[PDB]
Amino acid sequence: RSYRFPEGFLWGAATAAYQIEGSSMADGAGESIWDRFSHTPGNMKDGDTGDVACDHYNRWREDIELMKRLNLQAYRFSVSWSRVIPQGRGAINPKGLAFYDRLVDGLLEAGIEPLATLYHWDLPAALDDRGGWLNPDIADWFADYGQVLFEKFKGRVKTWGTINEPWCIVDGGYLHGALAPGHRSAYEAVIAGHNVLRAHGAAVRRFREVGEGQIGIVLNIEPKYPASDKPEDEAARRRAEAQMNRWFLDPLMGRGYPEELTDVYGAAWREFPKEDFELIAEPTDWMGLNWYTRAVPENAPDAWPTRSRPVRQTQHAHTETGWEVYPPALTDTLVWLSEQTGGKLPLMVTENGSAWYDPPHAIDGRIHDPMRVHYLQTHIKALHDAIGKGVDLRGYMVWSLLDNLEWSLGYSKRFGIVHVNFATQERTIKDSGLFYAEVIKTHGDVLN
Amino acid sequence: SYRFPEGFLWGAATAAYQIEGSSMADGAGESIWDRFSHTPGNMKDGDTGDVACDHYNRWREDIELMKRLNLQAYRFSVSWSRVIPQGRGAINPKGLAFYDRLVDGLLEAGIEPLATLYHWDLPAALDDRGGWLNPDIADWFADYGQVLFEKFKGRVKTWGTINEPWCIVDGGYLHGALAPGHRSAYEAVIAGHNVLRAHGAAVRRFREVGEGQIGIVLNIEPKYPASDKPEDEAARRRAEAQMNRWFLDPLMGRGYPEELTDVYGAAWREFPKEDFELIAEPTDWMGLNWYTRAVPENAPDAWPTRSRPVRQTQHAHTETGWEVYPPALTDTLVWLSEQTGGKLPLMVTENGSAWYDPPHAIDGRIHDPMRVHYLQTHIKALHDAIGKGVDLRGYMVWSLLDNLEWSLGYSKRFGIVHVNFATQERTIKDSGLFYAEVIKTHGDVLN
Amino acid sequence: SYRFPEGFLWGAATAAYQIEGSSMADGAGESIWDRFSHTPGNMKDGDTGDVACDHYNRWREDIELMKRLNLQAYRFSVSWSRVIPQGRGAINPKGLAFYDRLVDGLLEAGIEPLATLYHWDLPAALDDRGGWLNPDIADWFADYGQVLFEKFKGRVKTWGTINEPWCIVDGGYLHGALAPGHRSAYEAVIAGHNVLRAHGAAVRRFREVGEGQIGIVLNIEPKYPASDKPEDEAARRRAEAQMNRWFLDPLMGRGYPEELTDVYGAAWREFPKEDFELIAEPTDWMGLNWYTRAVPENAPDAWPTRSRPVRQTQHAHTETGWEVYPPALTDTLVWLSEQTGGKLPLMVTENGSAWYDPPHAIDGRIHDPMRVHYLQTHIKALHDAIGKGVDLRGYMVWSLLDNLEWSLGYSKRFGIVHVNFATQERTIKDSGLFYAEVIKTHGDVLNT
Amino acid sequence: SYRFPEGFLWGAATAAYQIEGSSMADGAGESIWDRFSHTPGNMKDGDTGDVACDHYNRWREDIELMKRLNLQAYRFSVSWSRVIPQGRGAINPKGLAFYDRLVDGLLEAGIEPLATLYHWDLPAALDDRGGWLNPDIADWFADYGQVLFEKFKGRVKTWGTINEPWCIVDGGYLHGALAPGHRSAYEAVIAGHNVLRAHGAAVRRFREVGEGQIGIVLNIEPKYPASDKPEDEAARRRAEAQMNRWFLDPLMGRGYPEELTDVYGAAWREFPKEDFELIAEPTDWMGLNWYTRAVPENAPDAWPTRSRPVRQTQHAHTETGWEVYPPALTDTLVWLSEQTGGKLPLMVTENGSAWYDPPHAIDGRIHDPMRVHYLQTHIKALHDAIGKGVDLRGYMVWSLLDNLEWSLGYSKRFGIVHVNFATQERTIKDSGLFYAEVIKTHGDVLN
Ligand SMILES: OC[C@H]1O[C@@H](O)[C@H](O)[C@@H](O)[C@@H]1O
Ligand SMILES: OC[C@H]1O[C@@H](O)[C@H](O)[C@@H](O)[C@@H]1O
Ligand SMILES: OC[C@H]1O[C@@H](O)[C@H](O)[C@@H](O)[C@@H]1O
Ligand SMILES: OC[C@H]1O[C@@H](O)[C@H](O)[C@@H](O)[C@@H]1O
């Protein structure tokens with residue numbers, strides 16, 4: 001059984017700005033919604049903030065050396081909007097942009113392909129005071145922001161992500177309020193989802209106008225499996241699936257919004273002008289999939305708003321985030337996604353990984369995380385299985401390069417293949433990282 | 001004796017979303033409360049303002065009720081989104097026509113219309129543009145004000161701009177118990193500033209295109225000492241600054257309270273010099289909303305004022321949990337008279353109490369002796385305040401009707417007229433009958 | 001007319017721990033409520049019965065208030081631990097002397113003393129031996145009963161054994177909202193059984209050494225249909241069985257309700273037959289405590305009866321959240337008459353309502369029109385019940401005094417006499433003033 | 001070097017309700033955990049001990065597992081309700097026959113049986129008589145003890161009376177998180193006293209009819225300073241007194257800690273002198289159950305010790321939220337040696353850690369590196385304690401099997417042998433393998 005991956009298959013690791021950078025108000029950088037959110041009592045586990053995080057803003061060179069040691073061929077990262085344009089619109093912050101300039105040059109020097117994401121949940125607070133994702137004008141704002149980077153890194157950054165996980169942004173930020181900006185409203189949720197899609201489309205158009213290379217959106221998908229043969233449970237499954245997995249993909253593929261949403265959001269649902277949908281379906285060059293687990297939803301009449309709830313799959317191992325470990329569902333998702341996009345759209349797993357308990361410090365220079373290693377090997381094999389079934393998969397990015405701030409869950413959830421001691425900023429490569437380095441090095445042959 | 005000054009104006013007060021119903025009828029736009037009340041968990045028993053008192057349909061009956069109560073003034077608010085569905089742009093003819101009919105009808109009955117521009121029901125379309133976090137609202141509001149100023153020129157002579165900035169910001173942006181349901185000190189500071197600016201802009205617009213008298217309406221809750229411990233006094237001043245001085249001081253041209261720098265910490269901001277010039281734009285009158293006092297003590301974990309009220313078990317409490325203590329009204333009025341230098345005519349735009357009443361009348365009656373008591377003792381307290389030199393021009397009872405007490409739903413009844421929400425049947429309570437006699441005798445019944 | 005039958009006895013009721021105070025005074029022992037009320041979280045506002053109405057010291061004043069109210073009867077309870085500090089053994093002379101003086105004072109006033117042996121205040125020493133879970137309590141109780149039976153032989157002629165077995169067991173052992181604060185269906189079943197046995201043993205002992213009439217006091221909350229749906233009728237029957245028939249049926253020699261097997265499942269037990277012979281020991285009268293009705297519907301997650309009341313929003317509710325609905329009193333009396341075969345003399349030993357009153361009088365008055373309304377409508381309902389052939393001999397208002405409403409503390413005022421708990425000053429409410437007229441006119445005032 | 005003293009006994013520990021299952025099978029009576037676990041809300045995920053590890057049926061397999069681990073001792077508890085169904089009266093032949101078979105099987109395997117009389121599973125019939133609140137239990141327990149003492153005379157030579165009085169009382173009577181689920185300080189004080197008395201009575205009875213060595217087993221959680229704040233030191237001493245000195249002190253003839261008067265307030269009681277004579281009956285050995293330390297700070301609303309632990313984020317924490325800090329073991333042992341005058345032979349009857357393991361093996365393996373780390377560091381800490389003169393005779397790993405962690409259910413795995421609760425399949429973890437090597441080399445594997 002060979003597990004050699006196709007020629008040119010790109011191996012890498014991923015991060016996000018607010019989760020690792022720190023130095024949030026340094027060198028002209030503006031205030032973001034997460035600056036506000038994390039400094040409001042009760043919002044974050046243990047009162048954790050992104051003020052320091054992995055201190056990546058200061059230690060990025062060391063982190064690049066770590067990327068070299070892991071044999072990374074790509075590094076997926078996001079750019080902080082508020083660091084580059086403090087008020088979201090208007091004046092550019094020279095120092096802030098200069099950081100990412102140095103970073104990208106350093107990556108290219110090391111032979112690492114820089115994969116940049118425009119928006120990873122950190123909207124400028126100044127734009128939030130103008131309504132944030134509820135204001136349609138954001139489609140323009142985002143575009144302008146996108147342009148600034150497109151021209152600045154022309155020929156250096158060739159592969160672009162627009163939005164990272166619209167569902168997390170809207171469902172967490174506007175529907176239930178567990179994430180910044182912390183709103184709880186179905187009305188706002190539908191409007192926000194629509195404007196996130198529109199902003200993506202606008203950014204793609206602007207990219208056609210001034211940019212060079214390939215651009216696409218990044219979706220998280222959590223495949224919904226049957227709980228039973230009861231029709232109410234199938235209705236539950238379809239509601240959950242529609243709200244989470246089809247909400248954004250369908251209009252991006254020109255299929256409009258899922259019918260089930262009319263039922264999920266009820267009186268909060270809206271009909272939008274057709275030209276919005278033409279803008280939203282603006283053709284992309286590639287698509288990123290963020291994948292971690294599956295769910296098995298059953299009917300739940302009091303669960304707002306999808307009226308569904310996951311059934312705990314006690315037959316399998318679970319991560320520290322409470323996610324079932326089940327690799328075949330990755331293969332299934334990749335096939336499903338290939339079908340939804342017609343096989344015409346190049347795909348990349350832009351995020352995959354797992355959180356398990358690690359001690360806060362290295363133990364004799366080591367971190368032994370056997371379950372993370374297991375997750376890594378089984379899911380990469382599942383990737384190979386997906387390619388064997390004809391899915392056009394071009395690459396794989398491990399979430400995450402570093403133990404970092406897992407947003408509202410703080411530092412308690414470690415996703416890194418590199419351990420970070422948050423007291424000393426000391427980095428220690430985990431057994432999972434060592435293994436991943438070997439997987440890259442053998443181009444998959446180590447799995448045989 | 002308790003006879004009141006000549007020309008002293010007696011009335012009752014309401015607000016649009018709390019009584020109107022028909023929130024989406026006849027072109028009416030969606031407001032932030034339409035959204036808020038239809039989100040599960042926000043409202044007690046899942047109550048909404050969809051029907052309320054059905055006043056949009058029964059306003060004539062309600063006016064006849066005003067006549068039975070001998071009212072000389074009626075304080076009400078205009079729903080911004082009913083008049084301007086998108087907050088800016090096209091006027092909604094029927095929505096404006098409702099208030100046209102209402103005001104004309106009031107004038108026919110000899111009742112003075114006291115109009116409030118904003119009573120917490122922001123158009124949702126403006127909320128999607130940031131609401132009170134967007135400085136442009138100062139202009140938006142002004143334009144809205146103009147529409148009314150010109151429409152009711154010569155008919156509505158007494159105007160309120162904003163009703164209770166503190167409730168709007170503290171409830172709506174700081175703690176999130178009210179629409180639009182945000183919870184942020186940063187947003188609270190910005191929103192408070194833009195509320196004050198909006199008031200100023202509306203007053204300027206009124207100077208250019210309006211006719212009559214214009215002013216803001218503040219709620220004040222006097223903070224009394226819990227002890228002689230210094231940390232408790234510091235607590236008292238934090239609470240007082242955050243609730244009672246936050247808006248009054250910049251309105252009187254004295255800037256923001258120093259204590260706010262301590263209350264909001266990193267969320268506090270410095271604002272441009274000209275903003276305070278706009279905010280202190282001279283007004284003609286001021287409204288006071290008053291219900292109770294508080295006795296704050298130090299509470300380090302209470303965010304963000306680090307203070308909390310001490311339950312005053314020696315006195316009666318309302319169904320909203322507010323201490324019954326009329327002397328604090330007198331004091332407050334005096335205090336207010338002093339903060340505004342005595343030059344600014346004051347009016348009690350809201351005062352009243354919530355007690356349990358049955359959901360239906362009992363042989364054509366509702367017996368509410370505690371509400372009657374609250375009424376008589378606090379009106380006497382008004383007389384005492386006038387005796388100490390306060391230029392107090394009138395008194396409006398909250399409320400004319402049992403209505404939607406926002407997030408607390410219909411469970412909190414403030415009306416001097418009972419509303420059976422099953423049948424929309426109105427029954428005048430004993431408090432209403434008594435209030436009618438207080439008006440007719442111009443206070444002599446209190447002797 | 002609303003004139004009541006000849007000899008119809010009007011009175012008012014209290015309980016020891018709710019009014020007395022002086023819980024550890026003059027040799028008095030520790031009760032389960034002494035412990036319970038001084039455990040944080042158990043009582044609203046941290047209220048205790050340490051002082052209450054200070055009745056232990058102000059009983060003479062309270063008797064003068066009874067005369068002013070024209071009371072013909074005063075129903076009160078005797079604190080077991082005040083009379084027998086350890087529950088068994090040595091008698092406390094001063095403690096017993098209190099009730100001696102009280103009873104003599106009542107007789108001096110021309111007031112019928114109505115004594116209750118047990119009103120929820122078990123001696124802590126007996127609770128340490130298992131309390132109502134220990135079958136030997138049937139004997140302990142009997143012995144305690146004997147002490148009183150002999151002491152007031154010829155003075156107290158009408159005796160209550162247990163006040164509301166359902167509240168004792170459901171509140172004290174099933175859900176833990178009342179002392180001793182256990183939460184167990186197993187314990188609930190056993191405790192209910194032993195409470196019934198204790199009642200029987202006490203009645204037998206009364207036959208051996210006592211004089212007059214003896215009976216139990218049950219509270220009943222009639223369960224009305226929420227719908228004609230069979231699941232709701234089954235729910236109604238479960239609730240009715242657990243609350244209204246659990247104790248009445250074995251007392252009438254009918255055994256335990258079948259539905260209990262379904263309600264309690266694995267916690268249900270079969271008991272020896274002679275136990276049921278003991279439980280059905282013939283009594284002379286029965287007390288009904290009545291306040292409201294319920295309208296139960298099916299509720300699969302409601303433990304353990306799988307039912308829940310539907311809020312009857314068309315009617316007024318008290319501050320304890322109880323629907324005001326007088327016809328249900330009439331129905332209940334009829335029902336009870338039918339269950340007891342018409343052969344057992346009935347008395348309403350508790351009826352009343354809680355509404356907000358200020359903490360102090362207002363120029364010498366307390367105006368409680370809703371309590372007055374409750375009083376007049378429910379007394380009229382009694383007349384209706386007598387008109388339907390129910391053998392009703394009397395009516396006791398709960399309560400004579402504002403007192404400690406157990407776990408709900410002093411916030412719930414049931415008194416027709418207001419108590420300022422800051423000053424212990426008594427002020428007769430409008431309800432008391434009206435009730436005095438009801439007694440005086442023997443019901444004729446309800447006409448005019 | 002880490003070679004241990006000659007005769008140092010290596011073993012592993014379990015408890016009856018946590019592993020046996022078949023709780024009311026073969027004549028066995030109902031225990032308080034039978035009731036408690038089958039009452040909704042009491043147990044995580046609704047887990048019960050109905051099946052557990054099915055040890056009642058699979059004990060032979062488990063003994064083969066003990067042999068593969070090179071165990072020299074197996075510490076287990078006897079279910080009171082399995083042996084005497086009503087707690088008093090008739091013996092249950094089958095229930096006793098199980099432990100007879102078990103003990104013979106262990107002796108046959110060359111494994112020293114260490115028996116515990118009470119590990120939290122009081123017979124329900126005795127709970128209906130007041131349980132640990134009824135002083136008569138001192139006698140009941142004694143009788144129960146006698147039954148075992150005589151049945152296993154010459155076979156079971158090392159006896160434990162009570163396992164962790166503090167958990168029994170604090171969990172079962174003070175806070176109500178454990179069976180019998182009471183929450184009362186009054187009851188907590190009484191129950192603690194009667195547990196101590198029961199221990200004494202059992203020791204006396206053992207002197208009359210038993211053979212071998214008898215002792216109690218205490219859990220100790222050493223309390224370290226959170227700060228130099230005096231309120232925090234007072235907090236530390238309250239917590240220390242309530243948890244670590246409550247039982248040890250009267251066992252050593254020093255009476256109850258003074259601080260308890262402050263902790264329990266009005267619930268505290270004075271007891272007869274002869275009670276303390278009974279409680280201090282001389283024992284032959286003492287068991288220490290040890291897992292972690294705590295760092296308490298002042299907490300006025302924390303009932304009743306008014307203290308709370310400060311999270312030590314510089315160190316690793318187990319899945320039960322317990323800090324991993326091996327030196328505190330060494331210190332504790334020394335402290336215990338000092339409190340007992342160095343004259344009383346000590347044994348660590350429980351030490352171990354809970355980390356996440358998958359519910360099934362991979363592949364026929366369970367890799368638990370943190371449990372291995374915990375094991376090596378704490379065993380080294382034992383060696384350090386022995387080097388300082390502590391008379392430590394043995395070490396028992398908690399636990400032999402993944403089992404029911406009481407109210408936290410099966411989610412907390414303490415086993416050095418993994419149990420697949422779907423299939424009852426046992427798989428020796430890396431920790432078990434390593435421990436087997438530690439026993440074999442008598443410590444030399446550590447170096
Ligand atoms: O929750 C784990 C991860 O989920 C990903 O899909 C998000 O992009 C990350 O920001 C987050 O850390
Ligand atoms: O809480 C009672 C009343 O308080 C007033 O100050 C507000 O303006 C009303 O909207 C509210 O119903
Ligand atoms: O719930 C109010 C009243 O209910 C009666 O059934 C109880 O016997 C009283 O003790 C209690 O005060
Ligand atoms: O909490 C983990 C362990 O703690 C020990 O002290 C108890 O004796 C065990 O029964 C329990 O499983």
# chains A, B, ... in the order shown; residues from 1 in each chain; ligands from 1
$ residues_near_ligand --ligand "ligand 2" --cutoff "7 Å" --atoms "only C-alpha atoms and all ligand atoms" --output "ChimeraX atom specification"
/B:15,163-164,219,289,350,405-406
$ write_last_selection --atoms "N, CA, C and O atoms" --output "PDB file, in the first residue's frame"
ATOM      1  N   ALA B  15     -44.680  55.474  25.861  1.00  0.00           N
ATOM      2  CA  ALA B  15     -43.677  55.388  24.807  1.00  0.00           C
ATOM      3  C   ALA B  15     -44.191  54.481  23.701  1.00  0.00           C
ATOM      4  O   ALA B  15     -44.977  53.568  23.961  1.00  0.00           O
ATOM      5  N   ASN B 163     -34.851  60.303  25.525  1.00  0.00           N
ATOM      6  CA  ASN B 163     -35.345  59.826  26.811  1.00  0.00           C
ATOM      7  C   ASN B 163     -34.355  58.885  27.479  1.00  0.00           C
ATOM      8  O   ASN B 163     -34.145  57.760  27.021  1.00  0.00           O
ATOM      9  N   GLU B 164     -33.749  59.364  28.561  1.00  0.00           N
ATOM     10  CA  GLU B 164     -32.839  58.570  29.387  1.00  0.00           C
ATOM     11  C   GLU B 164     -31.651  57.978  28.638  1.00  0.00           C
ATOM     12  O   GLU B 164     -31.634  56.781  28.351  1.00  0.00           O
ATOM     13  N   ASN B 219     -32.961  60.445  33.412  1.00  0.00           N
ATOM     14  CA  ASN B 219     -33.344  59.772  34.644  1.00  0.00           C
ATOM     15  C   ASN B 219     -32.212  59.939  35.646  1.00  0.00           C
ATOM     16  O   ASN B 219     -31.037  59.875  35.282  1.00  0.00           O
ATOM     17  N   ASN B 289     -36.847  62.030  34.890  1.00  0.00           N
ATOM     18  CA  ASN B 289     -37.496  60.763  35.178  1.00  0.00           C
ATOM     19  C   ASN B 289     -37.002  60.256  36.524  1.00  0.00           C
ATOM     20  O   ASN B 289     -35.805  60.056  36.713  1.00  0.00           O
ATOM     21  N   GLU B 350     -41.446  61.722  34.125  1.00  0.00           N
ATOM     22  CA  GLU B 350     -41.869  60.383  34.532  1.00  0.00           C
ATOM     23  C   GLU B 350     -41.744  60.146  36.030  1.00  0.00           C
ATOM     24  O   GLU B 350     -40.691  60.388  36.620  1.00  0.00           O
ATOM     25  N   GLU B 405     -43.079  46.575  29.740  1.00  0.00           N
ATOM     26  CA  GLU B 405     -41.936  47.100  30.470  1.00  0.00           C
ATOM     27  C   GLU B 405     -40.669  46.476  29.875  1.00  0.00           C
ATOM     28  O   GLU B 405     -39.908  45.780  30.552  1.00  0.00           O
ATOM     29  N   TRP B 406     -40.475  46.736  28.583  1.00  0.00           N
ATOM     30  CA  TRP B 406     -39.327  46.260  27.812  1.00  0.00           C
ATOM     31  C   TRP B 406     -38.988  44.791  28.088  1.00  0.00           C
ATOM     32  O   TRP B 406     -39.854  43.926  27.963  1.00  0.00           O
TER      33      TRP B 406
END
$ closest_atom_pairs --of "chain B" --to "chain A" --cutoff "8 Å" --atoms "only C-alpha atoms" --output "JSON lines"
{"residue": "B:35", "atom": "CA", "partner": "A:187", "partner_atom": "CA", "distance": 6.8}
{"residue": "B:36", "atom": "CA", "partner": "A:185", "partner_atom": "CA", "distance": 7.6}
{"residue": "B:39", "atom": "CA", "partner": "A:185", "partner_atom": "CA", "distance": 6.5}
{"residue": "B:127", "atom": "CA", "partner": "A:131", "partner_atom": "CA", "distance": 6.8}
{"residue": "B:128", "atom": "CA", "partner": "A:134", "partner_atom": "CA", "distance": 4.8}
{"residue": "B:129", "atom": "CA", "partner": "A:131", "partner_atom": "CA", "distance": 4.3}
{"residue": "B:130", "atom": "CA", "partner": "A:131", "partner_atom": "CA", "distance": 3.6}
{"residue": "B:131", "atom": "CA", "partner": "A:131", "partner_atom": "CA", "distance": 7.3}
{"residue": "B:133", "atom": "CA", "partner": "A:129", "partner_atom": "CA", "distance": 4.9}
{"residue": "B:134", "atom": "CA", "partner": "A:130", "partner_atom": "CA", "distance": 5.5}
{"residue": "B:181", "atom": "CA", "partner": "A:183", "partner_atom": "CA", "distance": 7.3}
{"residue": "B:182", "atom": "CA", "partner": "A:183", "partner_atom": "CA", "distance": 6.5}
{"residue": "B:183", "atom": "CA", "partner": "A:182", "partner_atom": "CA", "distance": 7.8}
{"residue": "B:184", "atom": "CA", "partner": "A:40", "partner_atom": "CA", "distance": 6.5}
{"residue": "B:185", "atom": "CA", "partner": "A:40", "partner_atom": "CA", "distance": 7.5}
{"residue": "B:186", "atom": "CA", "partner": "A:36", "partner_atom": "CA", "distance": 7.0}
$ write_last_selection --atoms "N, CA and C atoms" --output "PDB file, in the first residue's frame"
ATOM      1  N   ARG B  35     -36.347  43.262  16.401  1.00  0.00           N
ATOM      2  CA  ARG B  35     -35.348  42.201  16.393  1.00  0.00           C
ATOM      3  C   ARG B  35     -35.111  41.620  17.785  1.00  0.00           C
ATOM      4  N   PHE B  36     -34.853  42.502  18.747  1.00  0.00           N
ATOM      5  CA  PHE B  36     -34.482  42.095  20.100  1.00  0.00           C
ATOM      6  C   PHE B  36     -35.559  41.247  20.771  1.00  0.00           C
ATOM      7  N   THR B  39     -35.938  37.512  19.693  1.00  0.00           N
ATOM      8  CA  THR B  39     -34.804  36.627  19.901  1.00  0.00           C
ATOM      9  C   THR B  39     -35.008  35.962  21.250  1.00  0.00           C
ATOM     10  N   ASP B 127     -28.990  50.776  12.729  1.00  0.00           N
ATOM     11  CA  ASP B 127     -28.234  49.845  13.555  1.00  0.00           C
ATOM     12  C   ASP B 127     -27.261  49.010  12.736  1.00  0.00           C
ATOM     13  N   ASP B 128     -27.659  48.673  11.515  1.00  0.00           N
ATOM     14  CA  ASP B 128     -26.783  47.943  10.611  1.00  0.00           C
ATOM     15  C   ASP B 128     -25.647  48.833  10.116  1.00  0.00           C
ATOM     16  N   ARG B 129     -25.790  50.139  10.318  1.00  0.00           N
ATOM     17  CA  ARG B 129     -24.723  51.088  10.007  1.00  0.00           C
ATOM     18  C   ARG B 129     -23.970  51.515  11.266  1.00  0.00           C
ATOM     19  N   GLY B 130     -24.183  50.784  12.357  1.00  0.00           N
ATOM     20  CA  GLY B 130     -23.429  50.999  13.580  1.00  0.00           C
ATOM     21  C   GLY B 130     -24.216  51.610  14.725  1.00  0.00           C
ATOM     22  N   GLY B 131     -25.423  52.089  14.431  1.00  0.00           N
ATOM     23  CA  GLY B 131     -26.261  52.715  15.439  1.00  0.00           C
ATOM     24  C   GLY B 131     -25.595  53.875  16.158  1.00  0.00           C
ATOM     25  N   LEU B 133     -22.969  53.958  17.715  1.00  0.00           N
ATOM     26  CA  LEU B 133     -21.514  53.919  17.636  1.00  0.00           C
ATOM     27  C   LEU B 133     -21.034  54.732  16.434  1.00  0.00           C
ATOM     28  N   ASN B 134     -21.960  55.032  15.529  1.00  0.00           N
ATOM     29  CA  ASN B 134     -21.662  55.828  14.344  1.00  0.00           C
ATOM     30  C   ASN B 134     -21.985  57.296  14.593  1.00  0.00           C
ATOM     31  N   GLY B 181     -28.613  45.153  22.558  1.00  0.00           N
ATOM     32  CA  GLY B 181     -28.038  44.015  23.257  1.00  0.00           C
ATOM     33  C   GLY B 181     -26.539  43.799  23.157  1.00  0.00           C
ATOM     34  N   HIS B 182     -25.770  44.881  23.117  1.00  0.00           N
ATOM     35  CA  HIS B 182     -24.314  44.768  23.138  1.00  0.00           C
ATOM     36  C   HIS B 182     -23.785  44.808  24.570  1.00  0.00           C
ATOM     37  N   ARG B 183     -22.624  44.200  24.802  1.00  0.00           N
ATOM     38  CA  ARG B 183     -21.999  44.226  26.124  1.00  0.00           C
ATOM     39  C   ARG B 183     -20.527  44.608  26.011  1.00  0.00           C
ATOM     40  N   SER B 184     -20.256  45.899  26.173  1.00  0.00           N
ATOM     41  CA  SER B 184     -18.925  46.452  25.944  1.00  0.00           C
ATOM     42  C   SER B 184     -18.779  47.837  26.558  1.00  0.00           C
ATOM     43  N   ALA B 185     -17.757  48.015  27.387  1.00  0.00           N
ATOM     44  CA  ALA B 185     -17.470  49.324  27.959  1.00  0.00           C
ATOM     45  C   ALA B 185     -17.005  50.320  26.893  1.00  0.00           C
ATOM     46  N   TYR B 186     -16.216  49.832  25.939  1.00  0.00           N
ATOM     47  CA  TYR B 186     -15.727  50.650  24.830  1.00  0.00           C
ATOM     48  C   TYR B 186     -16.902  51.267  24.057  1.00  0.00           C
TER      49      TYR B 186
END
$ residues_around --residues "residue B:144" --least-positions-apart "6" --cutoff "9 Å" --atoms "only C-alpha atoms" --output "mmCIF file with N, CA, C and O atoms, in the first residue's frame"
data_model
loop_
_atom_site.group_PDB
_atom_site.id
_atom_site.type_symbol
_atom_site.label_atom_id
_atom_site.label_comp_id
_atom_site.auth_asym_id
_atom_site.auth_seq_id
_atom_site.Cartn_x
_atom_site.Cartn_y
_atom_site.Cartn_z
ATOM 1 N N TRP B 80 -39.457 56.442 15.312
ATOM 2 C CA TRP B 80 -38.613 56.871 14.200
ATOM 3 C C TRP B 80 -38.828 56.013 12.958
ATOM 4 O O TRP B 80 -38.973 56.529 11.848
ATOM 5 N N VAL B 83 -42.066 56.462 11.056
ATOM 6 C CA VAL B 83 -42.114 57.689 10.268
ATOM 7 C C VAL B 83 -41.089 57.621 9.139
ATOM 8 O O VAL B 83 -41.361 58.037 8.012
ATOM 9 N N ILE B 84 -39.912 57.083 9.449
ATOM 10 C CA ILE B 84 -38.856 56.899 8.459
ATOM 11 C C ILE B 84 -38.298 55.480 8.537
ATOM 12 O O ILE B 84 -37.361 55.221 9.296
ATOM 13 N N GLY B 87 -34.736 54.886 8.496
ATOM 14 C CA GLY B 87 -34.023 55.810 9.366
ATOM 15 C C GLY B 87 -33.613 57.074 8.630
ATOM 16 O O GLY B 87 -33.669 58.177 9.174
ATOM 17 N N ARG B 88 -33.196 56.900 7.380
ATOM 18 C CA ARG B 88 -32.945 58.006 6.465
ATOM 19 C C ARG B 88 -33.750 57.796 5.193
ATOM 20 O O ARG B 88 -34.167 56.677 4.896
ATOM 21 N N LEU B 117 -38.657 62.594 20.684
ATOM 22 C CA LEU B 117 -38.140 62.116 19.404
ATOM 23 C C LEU B 117 -37.655 60.679 19.490
ATOM 24 O O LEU B 117 -37.978 59.855 18.633
ATOM 25 N N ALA B 202 -29.817 67.893 17.291
ATOM 26 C CA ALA B 202 -31.261 68.045 17.204
ATOM 27 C C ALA B 202 -31.708 69.407 17.726
ATOM 28 O O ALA B 202 -32.624 70.021 17.167
#
$ residues_near_ligand --ligand "ligand 4" --cutoff "10 Å" --atoms "only C-alpha atoms and all ligand atoms" --output "ChimeraX atom specification"
/D:13-18,77,119-120,163-168,217-220,288-291,320,322,349-354,398-399,402-409,412-415
